[PDB]
Amino acid sequence: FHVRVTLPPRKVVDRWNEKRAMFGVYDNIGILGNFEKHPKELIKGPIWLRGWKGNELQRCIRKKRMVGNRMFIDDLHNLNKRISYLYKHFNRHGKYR
Amino acid sequence: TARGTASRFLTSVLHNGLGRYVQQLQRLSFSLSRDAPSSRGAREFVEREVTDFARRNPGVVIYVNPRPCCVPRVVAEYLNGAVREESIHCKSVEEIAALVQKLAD
Amino acid sequence: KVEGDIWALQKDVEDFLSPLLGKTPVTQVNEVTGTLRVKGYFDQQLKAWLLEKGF
Amino acid sequence: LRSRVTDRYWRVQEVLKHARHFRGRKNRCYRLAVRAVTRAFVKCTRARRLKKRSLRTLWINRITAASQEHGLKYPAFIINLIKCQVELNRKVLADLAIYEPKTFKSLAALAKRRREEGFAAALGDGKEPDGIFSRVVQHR
Amino acid sequence: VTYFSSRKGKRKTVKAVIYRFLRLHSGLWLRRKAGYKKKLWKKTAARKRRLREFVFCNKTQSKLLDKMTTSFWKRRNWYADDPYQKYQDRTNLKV
Amino acid sequence: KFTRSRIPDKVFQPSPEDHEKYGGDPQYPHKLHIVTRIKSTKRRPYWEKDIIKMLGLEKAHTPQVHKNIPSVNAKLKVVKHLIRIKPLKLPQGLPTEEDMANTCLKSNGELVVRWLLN
Amino acid sequence: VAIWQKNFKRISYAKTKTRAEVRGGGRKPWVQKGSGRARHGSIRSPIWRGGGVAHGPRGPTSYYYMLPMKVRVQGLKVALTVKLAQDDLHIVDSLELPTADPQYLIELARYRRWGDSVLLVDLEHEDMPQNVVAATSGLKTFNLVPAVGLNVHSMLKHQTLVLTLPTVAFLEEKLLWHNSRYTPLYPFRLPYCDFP
Amino acid sequence: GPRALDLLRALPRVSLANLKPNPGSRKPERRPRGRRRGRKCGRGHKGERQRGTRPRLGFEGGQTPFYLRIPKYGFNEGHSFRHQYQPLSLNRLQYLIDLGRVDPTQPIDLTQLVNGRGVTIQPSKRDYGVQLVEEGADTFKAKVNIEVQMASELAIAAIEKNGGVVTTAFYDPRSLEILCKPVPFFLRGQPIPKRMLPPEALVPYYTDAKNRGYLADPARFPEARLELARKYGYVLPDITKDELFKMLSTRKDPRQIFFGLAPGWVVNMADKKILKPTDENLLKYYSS
RNA sequence: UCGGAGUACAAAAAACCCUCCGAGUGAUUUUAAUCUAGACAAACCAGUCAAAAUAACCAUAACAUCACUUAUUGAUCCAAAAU
RNA sequence: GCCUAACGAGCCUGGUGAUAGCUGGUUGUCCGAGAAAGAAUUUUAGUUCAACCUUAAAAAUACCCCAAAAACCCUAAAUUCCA
RNA sequence: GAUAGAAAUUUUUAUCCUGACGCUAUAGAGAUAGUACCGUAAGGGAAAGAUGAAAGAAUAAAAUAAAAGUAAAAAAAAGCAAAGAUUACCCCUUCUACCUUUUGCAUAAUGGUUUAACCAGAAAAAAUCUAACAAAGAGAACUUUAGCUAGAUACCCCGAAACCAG
Ligand SMILES: [Mg+2]
Ligand SMILES: [Mg+2]
Ligand SMILES: [Mg+2]
Ligand SMILES: [Mg+2]
Ligand SMILES: [Mg+2]
Ligand SMILES: [Mg+2]
Ligand SMILES: [Mg+2]
Ligand SMILES: [Mg+2]
Ligand SMILES: [Mg+2]
Ligand SMILES: [Mg+2]
Ligand SMILES: [Mg+2]
Ligand SMILES: [Mg+2]
Ligand SMILES: [Mg+2]
Ligand SMILES: [Mg+2]
Ligand SMILES: [Mg+2]
Ligand SMILES: [Mg+2]
Ligand SMILES: [Mg+2]
Ligand SMILES: [Mg+2]
Ligand SMILES: [Mg+2]
Ligand SMILES: [Mg+2]
Ligand SMILES: [Mg+2]
Ligand SMILES: [Mg+2]
Ligand SMILES: [Mg+2]
Ligand SMILES: [Mg+2]
Ligand SMILES: [Mg+2]
Ligand SMILES: [Mg+2]
Ligand SMILES: [Mg+2]
Ligand SMILES: [Mg+2]
Ligand SMILES: [Mg+2]
Ligand SMILES: [Mg+2]
Ligand SMILES: [Mg+2]
Ligand SMILES: [Mg+2]
Ligand SMILES: [Mg+2]
Ligand SMILES: [Mg+2]
Ligand SMILES: [Mg+2]
Ligand SMILES: [Mg+2]
Ligand SMILES: [Mg+2]
Ligand SMILES: [Mg+2]
Ligand SMILES: [Mg+2]
Ligand SMILES: [Mg+2]
Ligand SMILES: [Mg+2]
Ligand SMILES: [Mg+2]
Ligand SMILES: [Mg+2]
């Protein structure tokens, strides 16, 4: 349970750095922008996850449908197994039925 | 627990209340932040109450320090030499007032 | 959509509904939402009464 | 986002400070110590209720010593003190017995007198006599 | 019941329900009586009538059937010529 | 089976000596009961538990007052082994509205109207 | 709305391996009975040292949701209202600046007591005067943003809001449009009778 | 207006630092830690359920399940193929006209109802269109030219009395979809398709003047129409002598989806131009 | 598996590898309809009664009867029948 | 029997996070209420219904209950029902 | 039955702004390494690092001395080892370890020498709560006889003998 004996270097975060100052800027792009682009377009991320959401099973299932043929063998195999597991678990296990 | 801790007999300091009564609390020191929210109550207390408190108790010297702290404390100090530390951190004006009274008596 | 002193409106609504039930109607005022909420279905009679006052 | 408990140290001290004065490994090892400390608190509160009984029994033993000195058994002394409308709890009575032997011999004299008065009235078989100390006063 | 399907990740319906029950929009379920086509010669005409009925299911059964059945089946239906359109709203219910 | 129990009316026909004994007047029945719950409802059947609850007798060694009408006497008869019943007495009579604050109830079962003058 | 702006963008890439994805341990490390010790399957079980993580984070995860239109609009209205009611909103004409020295801007905000941070809203991105752009490109606290980039978060981050006059005339119309509008038949980016 | 605003002068800035979700908005979740929510953690003790394995939903523990002992009966039988007509009461029609959503001046068909959001069609659910129902019959004062896919005697009667005209038209599913949301179709870049005919079951409906069917022989119209008066006891107005009459007489071809456009044209909405085929084969196909 | 008596003394319910009798149908002609208020019974499924109203028949005509009458019985699906 | 120290059928890897109605385990504090079994079931080491119970919500009567009242041979403690 | 499950037909606007409410040596890759070592072989498969600007500053200079384990310092009638206490360590008095499992455990029923670090509740159909707008609501596809939309509230860990393919 030994706790560190030396004060860490105090980390100074300036909140006025560029990324923090400009945060959330174009979020209203739809409303103020005479709707053309939905805020989804702003989302930088994995291809299957842009502007979408879901529980781990749905997530995996979707990843496989979209990028499943660009995947590495090991990773595709792992994904299939994860899907099968999650399927069995969600459908057949739990308290609530 | 009682076997666990120390103990003492009932006493007064300097036979107080025999000849005359002497308020034993000597000085009171507050430390708070003008800015920080944690000290909010303690600030209000300093605004309204401290003044009046100081009249109600002529014998105690009250030192108020605004300084950049995250945890406002009040240090009671007694004729006995005894020093008692307290944290007024994140309390009402009401709570602090009651606390300062306990310290006074 | 109640803009104003909502307490006024509560007074008038319970003074309006009281002769109907024999007793003051139970109410909830949401001052921040600008909303009044009444126990029971008075919907018709209240639209009538708010029409009469010209809102 | 991994979160580990950093302060575990203090978590342990709040148990271990209560365990310092124990004998054996109970005073070091958190497992053993925890169980021992809990047992100590439980035993403690139960004893907080017990203490009052113990003290009252002490007082009764002392009052009995004190009375027996004067040739008066305990029950007689106590109830015949009640029948004089003298209500002194046993705490105070024991302290008189120790620190005020005179006043206590007086109390004992009173009780003995009141008792004899009682026997006198029960054997007498009449309503007329009221012993001086057998009179019952009402509040004013 | 499949709570999350494999392809769609949605929740499947148990078709075995949809063949024997009927959901009014009020939430009442309607069912045939059991054994109503069975051994008719052997039965009283009174009993036969009691069997030819369409009857309502208790709350428990209803909730069970609702769970076993997706959202699509609870939608408001307007059918032309429908016998049961008369019965889909509830009236004068003080509870 | 252990069940509820009938109590034959003969039990409640008082003998002429009983009046002398318990201090009741042969001619006039008393108006009010002071009932106290002397025993515990535990280890007794649920119905006695209920009767005790609806007599206001929940707390032990606390007095409660009840009409001497038959409606009440019935329930009291059910639980009579759990309680102590003593007639309320009024030496100074019933309290007026000036006497409400000064009222007290003495253990002989009597209600004194003026308590502690000056 | 502030919470929304913060979260809806977020994608957590935090992944842990389940006892399935860890490197080895397809085999029972000793026999079920007689060895005298605890029974185990794979040495990669979540109990074991190097083993898989019992629950832990899974996959890139998206937190994404949409607050209904009228709510985000209302949010913007309210932010504006509150900036005004607390005296921290300043309607400016122009935006023409006498010079490109940012020190001028800082000291200007000192003379009018504008607080530490300032949000300067302009009507369009190309039409911004060059003196402003120069001055404000080298400043941390003073931030220049076009109208379509107005938002709740940025308004609560900066102590003071500065709105151009045509910008006001823009916002007023854009936000007000929603009190009187039908629910969308199809997306508003398509042809509508009255609507652009 | 909002006196709340005046309390905001007195209080500190609204910032990101002080923000409270409305009380009650978030019911805090609870985790199986500690003395209360730990130690069997709401799962009970042993058995099938503490282990998470209890059987599927309908399963009754081996006795023949309730939902399977009840006999099959056609209830939902063929449900997908039943026609569905979204009801529109005269009360709603009147209420829409009164508030200036649909205007009675020009002819009212499905697209007009949809654009006022007086009604919502979803063809995918096998909605075949709007039907007209009589709820507001007595109260109905408007003068309209209306085209619906079904109507009741009473509804028609209530429209005639006011000097309007009702006609029942048919749209097939594709036609219908195109009709209800026209602008999404015009971005599709396809010609305007032929309106299909009704199927064999629905022919005796649209061929009758009783229903004022769009395929009905107009010779019977003024006859049957007058009949409806004798029954409900009102004087039938002469629609001919009215000033709005040229609009009231307006029909569609039984093969046409819209008013004034024609099967086989193409709407280029960026140029605001229409395009029509000059070819003979195309013109024979689309005009048949 | 179903029913009757005792257990289970007087509303109901009530167990046993408890005590005793039974049922897995005959015989007969009075061939015993439709629809519906309200109930009994009941975990569910199943079981029970039943007024008014229709239609059948004397021209204001609806309980099949007997054998202790109580029990003489079997869900879905699926198969054969065609109503 | 023997097939690389365990062969009623080798070993290793993969299927695999096999599946266990069976055992074990399940991590802060304090407060509010709070449960012993009728029914089916390859079911009695389990489920799913009742009855209880918990959290909200609408109501109006809820227990307690004197006469009167509930069987034919004999039959108790007592039930049922109710102002 | 468990379950499985389409299509017709629909929708999808460029390129730059790439990083992190991911890990920090029992974590994150198995990885300092597929190495050592173990298997005849297929195969399995580790552990381990910490001075400073300079050690071409080792009569060497600098900030924790806090786990269990020991030493400094063996023990002194009597008892789940403590608690009430007490001038006083004991002596007196009062208490049948803890988990689990059970109708019921001081039980002579289960588990643990001890310390550190790791090691186990996950889902939004209906519901409730909060809010928007409301005969309509939803940023398309749907739902609506006060509804619709959004948010918040939920359902573990380790273990067989087996079975199949190579
Ligand atoms: Mg006490
Ligand atoms: Mg593996
Ligand atoms: Mg294997
Ligand atoms: Mg062993
Ligand atoms: Mg295994
Ligand atoms: Mg790992
Ligand atoms: Mg618990
Ligand atoms: Mg525990
Ligand atoms: Mg367990
Ligand atoms: Mg069990
Ligand atoms: Mg619809
Ligand atoms: Mg009943
Ligand atoms: Mg009849
Ligand atoms: Mg071998
Ligand atoms: Mg398992
Ligand atoms: Mg079992
Ligand atoms: Mg065991
Ligand atoms: Mg209990
Ligand atoms: Mg079976
Ligand atoms: Mg239940
Ligand atoms: Mg009676
Ligand atoms: Mg009653
Ligand atoms: Mg099956
Ligand atoms: Mg490592
Ligand atoms: Mg490793
Ligand atoms: Mg140590
Ligand atoms: Mg001892
Ligand atoms: Mg046992
Ligand atoms: Mg148990
Ligand atoms: Mg014991
Ligand atoms: Mg033993
Ligand atoms: Mg032993
Ligand atoms: Mg044992
Ligand atoms: Mg053993
Ligand atoms: Mg043991
Ligand atoms: Mg065992
Ligand atoms: Mg154990
Ligand atoms: Mg052991
Ligand atoms: Mg939901
Ligand atoms: Mg949870
Ligand atoms: Mg829960
Ligand atoms: Mg097999
Ligand atoms: Mg098998």
# chains A, B, ... in the order shown; residues from 1 in each chain; ligands from 1
$ closest_atom_pairs --of "segment 7-49 of chain I" --to "segment 18-39 of chain J" --cutoff "12 Å" --atoms "only C-alpha atoms (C1' of nucleotides)" --output "Markdown table"
| residue | atom | partner | partner_atom | distance |
| --- | --- | --- | --- | --- |
| I:13 | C1' | J:38 | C1' | 9.7 |
| I:14 | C1' | J:38 | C1' | 10.2 |
| I:42 | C1' | J:39 | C1' | 10.5 |
| I:43 | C1' | J:39 | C1' | 5.7 |
| I:44 | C1' | J:39 | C1' | 8.9 |
| I:45 | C1' | J:39 | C1' | 11.6 |
$ residues_near_ligand --ligand "ligand 35" --cutoff "12 Å" --atoms "only C-alpha atoms (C1' of nucleotides) and all ligand atoms" --output "JSON, numbers by chain"
{"K": [97, 98, 99, 100, 105, 106, 107, 108, 109, 110, 111, 112]}
$ residues_near_ligand --ligand "ligand 14" --cutoff "9 Å" --atoms "only C-alpha atoms (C1' of nucleotides) and all ligand atoms" --output "number ranges by chain"
J: 4-7, 10-11
$ write_last_selection --atoms "N, CA, C and O atoms (P, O5', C5', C4', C3', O3' and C1' of nucleotides)" --output "PDB file, in the first residue's frame"
ATOM      1  P     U J   4       2.515 -43.360 -25.867  1.00  0.00           P
ATOM      2  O5'   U J   4       3.902 -43.086 -25.150  1.00  0.00           O
ATOM      3  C5'   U J   4       4.300 -43.828 -24.008  1.00  0.00           C
ATOM      4  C4'   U J   4       5.320 -43.063 -23.210  1.00  0.00           C
ATOM      5  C3'   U J   4       4.971 -41.604 -22.963  1.00  0.00           C
ATOM      6  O3'   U J   4       5.544 -41.203 -21.725  1.00  0.00           O
ATOM      7  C1'   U J   4       6.957 -41.720 -24.233  1.00  0.00           C
ATOM      8  P     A J   5       4.632 -40.503 -20.610  1.00  0.00           P
ATOM      9  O5'   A J   5       4.335 -41.673 -19.576  1.00  0.00           O
ATOM     10  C5'   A J   5       5.379 -42.522 -19.117  1.00  0.00           C
ATOM     11  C4'   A J   5       5.048 -43.077 -17.755  1.00  0.00           C
ATOM     12  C3'   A J   5       3.879 -42.396 -17.062  1.00  0.00           C
ATOM     13  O3'   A J   5       3.157 -43.349 -16.292  1.00  0.00           O
ATOM     14  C1'   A J   5       5.893 -42.035 -15.822  1.00  0.00           C
ATOM     15  P     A J   6       1.721 -43.843 -16.816  1.00  0.00           P
ATOM     16  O5'   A J   6       0.809 -43.784 -15.512  1.00  0.00           O
ATOM     17  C5'   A J   6       0.245 -42.556 -15.063  1.00  0.00           C
ATOM     18  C4'   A J   6      -1.259 -42.630 -15.047  1.00  0.00           C
ATOM     19  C3'   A J   6      -1.895 -42.883 -16.414  1.00  0.00           C
ATOM     20  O3'   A J   6      -2.995 -43.785 -16.316  1.00  0.00           O
ATOM     21  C1'   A J   6      -2.682 -40.823 -15.513  1.00  0.00           C
ATOM     22  P     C J   7      -3.224 -44.853 -17.496  1.00  0.00           P
ATOM     23  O5'   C J   7      -4.688 -44.535 -18.033  1.00  0.00           O
ATOM     24  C5'   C J   7      -4.866 -43.898 -19.292  1.00  0.00           C
ATOM     25  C4'   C J   7      -5.838 -44.642 -20.168  1.00  0.00           C
ATOM     26  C3'   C J   7      -5.797 -46.161 -20.057  1.00  0.00           C
ATOM     27  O3'   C J   7      -7.060 -46.677 -20.457  1.00  0.00           O
ATOM     28  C1'   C J   7      -5.174 -45.535 -22.220  1.00  0.00           C
ATOM     29  P     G J  10      -8.030 -41.238 -26.093  1.00  0.00           P
ATOM     30  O5'   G J  10      -6.435 -41.262 -26.021  1.00  0.00           O
ATOM     31  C5'   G J  10      -5.738 -41.873 -24.939  1.00  0.00           C
ATOM     32  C4'   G J  10      -4.255 -41.589 -25.006  1.00  0.00           C
ATOM     33  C3'   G J  10      -3.862 -40.120 -24.984  1.00  0.00           C
ATOM     34  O3'   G J  10      -3.746 -39.627 -23.665  1.00  0.00           O
ATOM     35  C1'   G J  10      -2.707 -41.231 -26.734  1.00  0.00           C
ATOM     36  P     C J  11      -4.248 -38.146 -23.311  1.00  0.00           P
ATOM     37  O5'   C J  11      -3.238 -37.185 -24.087  1.00  0.00           O
ATOM     38  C5'   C J  11      -1.891 -37.054 -23.663  1.00  0.00           C
ATOM     39  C4'   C J  11      -1.035 -36.394 -24.715  1.00  0.00           C
ATOM     40  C3'   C J  11      -1.440 -34.988 -25.128  1.00  0.00           C
ATOM     41  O3'   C J  11      -0.951 -34.003 -24.230  1.00  0.00           O
ATOM     42  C1'   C J  11      -1.065 -36.291 -27.058  1.00  0.00           C
TER      43        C J  11
END
$ interface_residues --of "chain K" --to "chain A" --cutoff "12 Å" --atoms "only C-alpha atoms (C1' of nucleotides)" --output "number ranges by chain"
K: 2-3, 13, 17-20, 63-68, 115-117, 121-125, 139, 154-156
$ residues_around --residues "residue 30 of chain D" --least-positions-apart "5" --cutoff "8 Å" --atoms "only C-alpha atoms (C1' of nucleotides)" --output "list in words"
residues 12, 15 and 16 of chain D
$ interface_residues --of "chain K" --to "chain E" --cutoff "9 Å" --atoms "only C-alpha atoms (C1' of nucleotides)" --output "PyMOL selection string"
chain K and resi 1+3+125-126+143-145
$ residues_near_ligand --ligand "ligand 25" --cutoff "12 Å" --atoms "only C-alpha atoms (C1' of nucleotides) and all ligand atoms" --output "VMD selection string"
(chain G and resid 22 to 24 43 to 44 48 to 52) or (chain K and resid 25 to 33 45 to 48)
$ residues_around --residues "segment 44-48 of chain C" --least-positions-apart "5" --cutoff "12 Å" --atoms "only C-alpha atoms (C1' of nucleotides)" --output "list in words"
residues 9, 12, 13, 14, 16, 17, 20, 36, 37, 38, 53, 54 and 55 of chain C
$ closest_residue --among "K:165, K:86, K:142, K:38" --to "ligand 11" --atoms "only C-alpha atoms (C1' of nucleotides) and all ligand atoms"
K:142
$ atom_distance --atom1 "atom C1' of residue 54 of chain I" --atom2 "atom 1 (Mg, counted along the ligand's line) of ligand 13"
9.5 Å
$ closest_residue --among "F:81, F:42, F:59, F:53" --to "chain J" --atoms "only C-alpha atoms (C1' of nucleotides)"
F:53
$ interface_residues --of "chain G" --to "chain H" --cutoff "9 Å" --atoms "only C-alpha atoms" --output "PyMOL selection string"
chain G and resi 2+79+81-83+85-88+153+155-159+182-183+185-186+190-192
$ write_last_selection --atoms "C-alpha atoms" --output "tab-separated table (two decimals), in the first residue's frame"
chain	number	residue	atom	x	y	z
G	2	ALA	CA	-23.67	21.97	-22.84
G	79	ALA	CA	-27.46	31.44	-23.58
G	81	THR	CA	-30.63	35.87	-22.94
G	82	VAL	CA	-28.37	35.15	-20.00
G	83	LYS	CA	-25.30	36.80	-21.52
G	85	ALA	CA	-29.24	39.87	-18.51
G	86	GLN	CA	-25.87	39.70	-16.75
G	87	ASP	CA	-24.57	42.72	-18.69
G	88	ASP	CA	-21.89	40.69	-20.45
G	153	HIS	CA	-20.23	25.82	-24.83
G	155	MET	CA	-20.51	31.18	-24.96
G	156	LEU	CA	-20.14	29.80	-21.44
G	157	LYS	CA	-16.36	29.50	-21.83
G	158	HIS	CA	-15.83	33.17	-22.68
G	159	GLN	CA	-16.80	35.81	-20.14
G	182	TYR	CA	-44.08	22.65	-38.97
G	183	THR	CA	-42.39	19.43	-38.13
G	185	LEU	CA	-41.85	16.36	-43.78
G	186	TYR	CA	-38.51	15.37	-45.24
G	190	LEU	CA	-34.50	19.57	-49.75
G	191	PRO	CA	-36.98	21.91	-51.57
G	192	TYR	CA	-39.68	23.49	-49.46
$ residues_around --residues "residue 171 of chain H" --least-positions-apart "4" --cutoff "7 Å" --atoms "only C-alpha atoms (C1' of nucleotides)" --output "list in words"
residues 128, 175, 176, 195 and 196 of chain H
$ residues_around --residues "residue 54 of chain E" --least-positions-apart "6" --cutoff "8 Å" --atoms "only C-alpha atoms (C1' of nucleotides)" --output "list in words"
residues 30, 31, 32 and 33 of chain E
$ residues_around --residues "residue 4 of chain G" --least-positions-apart "4" --cutoff "10 Å" --atoms "only C-alpha atoms (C1' of nucleotides)" --output "PDB file with C-alpha atoms (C1' of nucleotides), in the first residue's frame"
ATOM      1  CA  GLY A  24     -17.798  22.811 -29.713  1.00  0.00           C
ATOM      2  CA  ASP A  27     -22.034  22.027 -33.293  1.00  0.00           C
TER       3      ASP A  27
ATOM      4  CA  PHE G   8     -22.134  13.581 -28.533  1.00  0.00           C
ATOM      5  CA  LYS G   9     -18.797  13.982 -30.331  1.00  0.00           C
ATOM      6  CA  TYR G  63     -21.409   8.170 -27.215  1.00  0.00           C
ATOM      7  CA  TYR G  64     -23.709   9.746 -29.694  1.00  0.00           C
ATOM      8  CA  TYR G  65     -27.121  11.225 -29.367  1.00  0.00           C
ATOM      9  CA  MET G  66     -29.198  14.083 -30.595  1.00  0.00           C
ATOM     10  CA  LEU G  67     -31.037  16.556 -28.486  1.00  0.00           C
ATOM     11  CA  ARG G  72     -30.866  23.016 -29.037  1.00  0.00           C
ATOM     12  CA  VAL G 152     -23.578  27.214 -25.984  1.00  0.00           C
ATOM     13  CA  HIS G 153     -20.229  25.824 -24.830  1.00  0.00           C
TER      14      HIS G 153
ATOM     15  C1'   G K 151     -32.193  11.965 -21.488  1.00  0.00           C
TER      16        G K 151
END
$ residues_near_ligand --ligand "ligand 1" --cutoff "10 Å" --atoms "only C-alpha atoms (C1' of nucleotides) and all ligand atoms" --output "PDB file with C-alpha atoms, in the first residue's frame"
ATOM      1  CA  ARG D  48     -21.630   0.235  27.893  1.00  0.00           C
ATOM      2  CA  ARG D  49     -25.052  -1.138  28.781  1.00  0.00           C
ATOM      3  CA  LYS D  52     -24.618   0.638  34.602  1.00  0.00           C
TER       4      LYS D  52
END
$ interface_residues --of "chain H" --to "chain E" --cutoff "8 Å" --atoms "only C-alpha atoms" --output "compact mmCIF listing (two decimals) with N, CA and C atoms, in the first residue's frame"
# COMPACT_ATOMS: atom_id res chain seq x y z
N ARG H 56 -36.18 -19.75 -21.06
CA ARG H 56 -36.62 -18.69 -21.96
C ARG H 56 -37.97 -18.13 -21.52
N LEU H 57 -38.50 -17.16 -22.26
CA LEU H 57 -39.62 -16.36 -21.76
C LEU H 57 -40.94 -17.12 -21.56
N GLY H 58 -41.45 -17.76 -22.60
CA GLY H 58 -42.73 -18.42 -22.47
C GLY H 58 -42.74 -19.65 -21.58
N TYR H 67 -49.10 -20.10 -24.07
CA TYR H 67 -49.25 -19.60 -25.44
C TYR H 67 -49.25 -20.74 -26.48
N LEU H 68 -48.82 -21.94 -26.10
CA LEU H 68 -48.93 -23.05 -27.03
C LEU H 68 -50.10 -24.01 -26.83
N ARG H 69 -50.84 -23.91 -25.73
CA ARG H 69 -51.99 -24.80 -25.58
C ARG H 69 -53.20 -24.21 -26.28
N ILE H 70 -53.26 -22.90 -26.35
CA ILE H 70 -54.32 -22.25 -27.09
C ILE H 70 -54.19 -22.58 -28.57
N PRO H 71 -55.31 -22.91 -29.23
CA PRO H 71 -55.24 -23.31 -30.64
C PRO H 71 -55.01 -22.16 -31.59
N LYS H 72 -54.35 -22.45 -32.70
CA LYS H 72 -54.14 -21.47 -33.75
C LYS H 72 -55.48 -21.10 -34.36
N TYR H 73 -55.63 -19.82 -34.68
CA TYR H 73 -56.82 -19.34 -35.37
C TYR H 73 -56.45 -18.15 -36.21
N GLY H 74 -56.99 -18.04 -37.41
CA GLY H 74 -56.64 -16.88 -38.21
C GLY H 74 -57.20 -15.64 -37.55
N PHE H 75 -56.31 -14.75 -37.14
CA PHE H 75 -56.69 -13.53 -36.45
C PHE H 75 -55.98 -12.48 -37.21
N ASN H 76 -54.66 -12.64 -37.19
CA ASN H 76 -53.74 -11.81 -37.94
C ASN H 76 -53.56 -12.42 -39.32
N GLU H 77 -54.38 -13.42 -39.62
CA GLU H 77 -54.28 -14.14 -40.87
C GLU H 77 -54.30 -13.23 -42.09
N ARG H 82 -54.09 -6.95 -46.09
CA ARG H 82 -55.30 -6.17 -45.92
C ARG H 82 -55.03 -4.71 -46.23
N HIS H 83 -56.03 -4.05 -46.80
CA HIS H 83 -55.90 -2.65 -47.15
C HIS H 83 -56.17 -1.77 -45.95
N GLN H 84 -55.43 -0.69 -45.84
CA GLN H 84 -55.58 0.18 -44.69
C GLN H 84 -55.87 1.61 -45.08
N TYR H 85 -57.01 2.12 -44.66
CA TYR H 85 -57.37 3.47 -45.01
C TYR H 85 -57.36 4.38 -43.79
N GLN H 86 -56.43 5.32 -43.79
CA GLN H 86 -56.32 6.28 -42.70
C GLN H 86 -57.53 7.19 -42.61
N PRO H 87 -58.22 7.17 -41.46
CA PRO H 87 -59.46 7.93 -41.33
C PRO H 87 -59.24 9.43 -41.20
$ select_by_dssp --residues "chain B" --states "strand (DSSP E)" --output "PyMOL selection string"
chain B and resi 25-32+61-66+73-78+83-87
$ write_last_selection --atoms "C-alpha atoms" --output "mmCIF file, in the first residue's frame"
data_model
loop_
_atom_site.group_PDB
_atom_site.id
_atom_site.type_symbol
_atom_site.label_atom_id
_atom_site.label_comp_id
_atom_site.auth_asym_id
_atom_site.auth_seq_id
_atom_site.Cartn_x
_atom_site.Cartn_y
_atom_site.Cartn_z
ATOM 1 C CA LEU B 25 -10.358 30.766 24.288
ATOM 2 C CA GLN B 26 -7.543 33.189 23.512
ATOM 3 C CA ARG B 27 -7.235 33.659 19.777
ATOM 4 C CA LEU B 28 -8.970 32.527 16.619
ATOM 5 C CA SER B 29 -7.378 32.395 13.190
ATOM 6 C CA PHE B 30 -9.255 32.053 9.912
ATOM 7 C CA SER B 31 -7.642 31.273 6.573
ATOM 8 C CA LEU B 32 -9.786 31.484 3.447
ATOM 9 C CA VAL B 61 -8.092 38.088 19.205
ATOM 10 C CA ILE B 62 -9.317 37.186 15.717
ATOM 11 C CA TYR B 63 -6.913 36.999 12.795
ATOM 12 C CA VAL B 64 -8.447 36.758 9.319
ATOM 13 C CA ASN B 65 -6.163 35.880 6.393
ATOM 14 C CA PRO B 66 -7.301 35.853 2.843
ATOM 15 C CA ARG B 73 -9.392 26.271 8.410
ATOM 16 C CA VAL B 74 -10.012 27.868 11.766
ATOM 17 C CA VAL B 75 -7.282 27.510 14.373
ATOM 18 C CA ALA B 76 -8.511 27.946 17.926
ATOM 19 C CA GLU B 77 -5.859 28.606 20.510
ATOM 20 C CA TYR B 78 -6.282 28.596 24.261
ATOM 21 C CA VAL B 83 -4.131 24.411 19.987
ATOM 22 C CA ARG B 84 -7.223 23.005 18.315
ATOM 23 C CA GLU B 85 -7.465 22.789 14.522
ATOM 24 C CA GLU B 86 -10.708 22.813 12.540
ATOM 25 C CA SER B 87 -11.888 22.826 8.943
#
$ interface_residues --of "chain H" --to "chain A" --cutoff "10 Å" --atoms "only C-alpha atoms" --output "list in words"
residues 42, 43, 44, 48, 49, 50, 51, 52, 53, 54, 55, 56, 57 and 58 of chain H
$ residues_near_ligand --ligand "ligand 4" --cutoff "10 Å" --atoms "only C-alpha atoms (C1' of nucleotides) and all ligand atoms" --output "PyMOL selection string"
chain G and resi 34-38
